[PDB]
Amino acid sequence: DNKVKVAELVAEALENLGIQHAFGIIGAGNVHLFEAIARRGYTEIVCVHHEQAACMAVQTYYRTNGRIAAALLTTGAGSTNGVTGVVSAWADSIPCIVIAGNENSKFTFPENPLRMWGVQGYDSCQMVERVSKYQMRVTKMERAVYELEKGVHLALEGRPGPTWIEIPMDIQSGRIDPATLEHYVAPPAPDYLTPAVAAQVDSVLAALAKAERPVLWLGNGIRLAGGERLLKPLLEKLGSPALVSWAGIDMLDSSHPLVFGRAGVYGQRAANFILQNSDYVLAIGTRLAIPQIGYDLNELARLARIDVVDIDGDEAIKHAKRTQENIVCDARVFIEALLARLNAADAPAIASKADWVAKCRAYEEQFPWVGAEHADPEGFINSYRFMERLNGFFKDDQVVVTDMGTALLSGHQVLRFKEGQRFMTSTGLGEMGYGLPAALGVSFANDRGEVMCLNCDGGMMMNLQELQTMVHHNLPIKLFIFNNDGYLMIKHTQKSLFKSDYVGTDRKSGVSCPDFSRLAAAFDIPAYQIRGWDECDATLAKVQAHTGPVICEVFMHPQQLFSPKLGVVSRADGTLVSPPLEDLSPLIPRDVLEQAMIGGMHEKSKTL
């Protein structure tokens, strides 16, 4: 009998693929895979308490060191519970693979006329068909490893994303001659630098050489491409200012002399002025999503040509009514091509941008990231000022992950990073409850390594159960929780729209959160509270010194503003106006704005 269980061959393939961690929850639909993986001993299975946390954890796991991880899901609700995590990986271009069990394959076909398959199964592939790069149900034992290899390759290639491989129970427990196993051979990798694209790189260099006020806009596509180490020499060779997307913040020292922050609808004031007064914008590896560019392309960088580099052709041309060069190219290949052209025998002389760099520094001097608008409201800790203080306690290898709300906004508008530190969240889908699973993924990727998790009283509830995973494995997760009596982001939304009482956003209107320090004690997690500045520095130093898990609640004003922010504003008449991207709220005086805008202010700004 020269046959081997398919499950054992799948466990071998995971080792051959370099997959050292799987996150998931057991059930009859994957018990044979749990068994095979556990007995081989190469892949560590991390048991989570909700499958959603497994499909989120794999994402930050990959982002930490570039090793893919698997989510191991069972039949029925084991699979439906993972869908939110699949969508966030899809939205943020993060590679991962889901291996989902199912009922016996005699039930698993879409022509089955019954509402459900077998005892409790369904078509888990169809459900993620539009939010994943590839789905396949293995119905032949001999193709089980083929489809895993293909799923991993397709997750990683091009614009990365999640893939979904479903293996019915009976396929897992079947036995075959290992010699009959089929294997997937990846097609040849594409050559992006075609003559057409090469000519676009020449055009970009000519524009950079002539531009007086260039701005590079650098995004996480660069890191996904493996090109972040090229950015420092690129920027210094060009003498050009750069902005970083929120997802790209950790690619370049925030204090590098040519890096000027983050622009958008929650932009920094100085960054938005730099963007909006440029004469040439080169976006590389950034999606130019709505929160980065606002709501009207004709109001974006009105004095500028805009070029865009993206490996996804649909993303590269979505702004084609506005952009000039839409460059469909891997970001690393593009930067290397541009650097080579800078050293060409016939390279153009690069005109000085010294006057513009000086103007960029003047904007930052005029508009600090933490300014008068971030005063402690009624004496409460202002979250923006808290982020600035926290920033100074970062370790040299600090990793920071965030949930949504205050953690997302104050974090990305304030925090500074240097080489060796990392910053991660889920901005594509923007789901509450990401922060804790995100911390799990980082910690396991770094062999139980330290992670700072910036979280919120609302978002803490969605995946609250993962506190048990964190304690079970004694993970050194430093979990800050911003308490502000509920859903502060939505309080502002409904107040702006209706100017009435809160609905469904605070304790009086239907939403309350527990005392997380009392919950911490129940889970055996040390806990601290920062209610004022008195205890802040000493508490932060203690939190950072902890070697295991720790919770720190931070108390802020329940109505604190998030600003700067591009918000709707009333004209003197009373008409509502959505102002141009440079005119962030709370609004600066019109005479200051006039002087900050090369051509004077936009017509919309004149009457606000």
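Numbers follow the displayed sequence, beginning with 1.
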*Of 277 to 285 and 532 to 540, which one has the bigger average CA B-factor?*
532 to 540
*In the PDB record, does 573 to 581 or 24 to 32 carry the higher mean Cα temperature factor?*
573 to 581
_Among 233, 85, 221, 168 - the residue whose C-alpha B-factor is largest in the record_ = 233
*Between 411, 430, 118, 441, which carries the biggest CA temperature factor in the record?*
430
*asked:* How does the C-alpha B factor of residue 40 compare with the rest of the chain: lowest, middle or highest third?
replied: middle
*Select lowest, middle or highest to describe the third in which the CA B-factor of residue 547 falls within its chain in this entry.*
highest
_Chain-relative CA temperature factor third for residue 526_ = highest
*Looking at the entry's B-factor column for C-alpha atoms only, identify whether residue 561 ranks in the lowest, middle or highest third of its chain.*
highest
_Chain third (lowest, middle, highest) by recorded CA B-factor, residue given as residue 388_ = middle
